[PDB]
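For reference, the structure discussed in these notes is given below.
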Amino acid sequence: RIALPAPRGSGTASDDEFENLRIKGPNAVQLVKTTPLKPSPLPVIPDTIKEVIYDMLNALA
Amino acid sequence: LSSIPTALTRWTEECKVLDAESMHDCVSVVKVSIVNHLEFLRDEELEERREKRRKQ
(Lines give C-alpha, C1' and ligand atoms only; values in the text may rest on other atoms or scores of the structure.)
Protein backbone atom coordinates (compact mmCIF):
# COMPACT_ATOMS: atom_id res chain seq x y z
CA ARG A 1 0.00 0.00 0.00
CA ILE A 2 1.53 3.39 -0.69
CA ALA A 3 1.97 5.03 2.67
CA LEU A 4 -0.16 7.89 3.95
CA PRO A 5 1.86 10.57 5.76
CA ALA A 6 0.23 11.76 8.96
CA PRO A 7 -2.47 14.46 8.83
CA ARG A 8 -0.37 17.61 8.81
CA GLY A 9 -3.04 19.91 10.25
CA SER A 10 -6.65 19.51 11.34
CA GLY A 11 -8.96 21.59 9.15
CA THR A 12 -10.36 20.75 5.75
CA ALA A 13 -10.40 24.11 3.95
CA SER A 14 -6.65 24.83 4.30
CA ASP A 15 -4.63 21.95 5.78
CA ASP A 16 -6.17 19.16 3.69
CA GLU A 17 -5.93 21.38 0.60
CA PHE A 18 -2.15 21.53 1.02
CA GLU A 19 -2.12 17.91 2.18
CA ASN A 20 -3.48 16.86 -1.18
CA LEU A 21 -0.86 19.12 -2.74
CA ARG A 22 1.80 17.31 -0.72
CA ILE A 23 0.67 13.67 -0.77
CA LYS A 24 -0.65 13.56 -4.34
CA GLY A 25 1.83 15.99 -5.89
CA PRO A 26 3.69 14.93 -9.05
CA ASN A 27 6.90 15.17 -7.00
CA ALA A 28 6.28 13.22 -3.79
CA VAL A 29 7.80 10.56 -1.52
CA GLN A 30 5.64 7.42 -1.83
CA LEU A 31 6.81 5.36 1.10
CA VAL A 32 5.35 1.83 1.29
CA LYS A 33 3.55 -0.12 4.01
CA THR A 34 2.57 -3.79 3.89
CA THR A 35 -0.98 -5.04 4.37
CA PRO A 36 -1.74 -7.20 7.42
CA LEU A 37 -1.11 -10.89 6.75
CA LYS A 38 -4.10 -12.71 5.23
CA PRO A 39 -4.34 -16.34 6.43
CA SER A 40 -2.86 -18.18 3.48
CA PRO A 41 -3.37 -21.96 3.53
CA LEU A 42 -0.43 -24.13 2.60
CA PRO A 43 -0.34 -25.08 -1.12
CA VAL A 44 -0.76 -28.78 -1.86
CA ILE A 45 2.39 -30.13 -3.53
CA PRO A 46 1.76 -31.80 -6.93
CA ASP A 47 2.61 -35.48 -7.27
CA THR A 48 5.29 -34.93 -9.89
CA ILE A 49 6.89 -32.40 -7.60
CA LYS A 50 6.88 -35.18 -5.03
CA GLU A 51 8.60 -37.57 -7.42
CA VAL A 52 11.22 -34.90 -7.87
CA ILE A 53 11.69 -34.27 -4.16
CA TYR A 54 11.62 -37.98 -3.32
CA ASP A 55 14.24 -38.86 -5.97
CA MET A 56 16.80 -36.56 -4.35
CA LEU A 57 16.10 -38.06 -0.92
CA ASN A 58 16.80 -41.49 -2.42
CA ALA A 59 20.07 -40.13 -3.81
CA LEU A 60 21.02 -39.43 -0.20
CA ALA A 61 20.99 -43.20 0.23
CA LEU B 1 21.62 -20.62 8.14
CA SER B 2 22.50 -17.40 6.31
CA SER B 3 24.87 -19.29 4.00
CA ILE B 4 21.76 -20.59 2.21
CA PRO B 5 20.92 -18.18 -0.64
CA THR B 6 17.51 -16.53 -0.43
CA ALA B 7 14.88 -16.83 -3.14
CA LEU B 8 15.47 -13.23 -4.14
CA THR B 9 19.16 -14.03 -4.66
CA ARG B 10 18.31 -17.08 -6.73
CA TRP B 11 15.86 -15.08 -8.82
CA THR B 12 18.54 -12.40 -9.13
CA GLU B 13 20.94 -14.97 -10.57
CA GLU B 14 18.27 -16.35 -12.88
CA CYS B 15 17.32 -12.88 -14.08
CA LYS B 16 20.94 -11.91 -14.68
CA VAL B 17 21.58 -15.02 -16.74
CA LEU B 18 18.31 -14.92 -18.68
CA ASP B 19 17.82 -11.16 -19.01
CA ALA B 20 20.32 -8.62 -17.68
CA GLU B 21 18.83 -5.48 -19.28
CA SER B 22 15.23 -6.58 -20.02
CA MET B 23 14.53 -6.79 -16.30
CA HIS B 24 14.44 -3.01 -16.07
CA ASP B 25 11.91 -2.95 -18.92
CA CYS B 26 9.75 -5.51 -17.14
CA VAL B 27 9.99 -3.49 -13.93
CA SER B 28 8.70 -0.53 -15.89
CA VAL B 29 5.79 -2.40 -17.45
CA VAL B 30 4.73 -3.88 -14.12
CA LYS B 31 5.31 -0.63 -12.21
CA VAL B 32 2.91 1.19 -14.53
CA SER B 33 0.23 -1.25 -13.39
CA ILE B 34 1.11 -1.37 -9.69
CA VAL B 35 1.47 2.34 -8.93
CA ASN B 36 -1.83 3.20 -10.63
CA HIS B 37 -3.69 0.64 -8.50
CA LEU B 38 -1.99 1.63 -5.27
CA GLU B 39 -2.60 5.33 -5.98
CA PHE B 40 -6.29 4.61 -6.55
CA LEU B 41 -6.43 2.84 -3.19
CA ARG B 42 -4.34 5.60 -1.58
CA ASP B 43 -6.83 8.22 -2.74
CA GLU B 44 -9.78 6.10 -1.64
CA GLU B 45 -8.29 5.55 1.82
CA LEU B 46 -7.50 9.27 2.05
CA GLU B 47 -11.12 10.08 1.23
CA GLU B 48 -12.19 7.56 3.87
CA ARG B 49 -9.89 9.23 6.43
CA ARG B 50 -11.20 12.71 5.65
CA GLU B 51 -14.76 11.39 5.85
CA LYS B 52 -14.18 9.74 9.24
CA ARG B 53 -12.61 12.97 10.50
CA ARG B 54 -15.61 14.95 9.27
CA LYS B 55 -18.06 12.50 10.85
CA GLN B 56 -16.15 12.72 14.13
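Ligands are numbered from 1 in the order shown, chains are lettered A, B, ... in the order of the C-alpha coordinates, and residues start at 1 in each chain.
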Exercise. Write out as a ChimeraX atom specification all residues of chain A that backbone DSSP assigns to helix (DSSP H, G or I).
Key: /A:15-23,47-60
Quiz item: Could you list, as a list in words, every residue of chain A that has an atom within 9 Å of an atom of chain B, counting only C-alpha atoms?
Solution: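 Residues of chain A within 9 Å of chain B, counting only C-alpha atoms: residues 1, 2, 3, 4, 10, 12, 16 and 24 of chain A.
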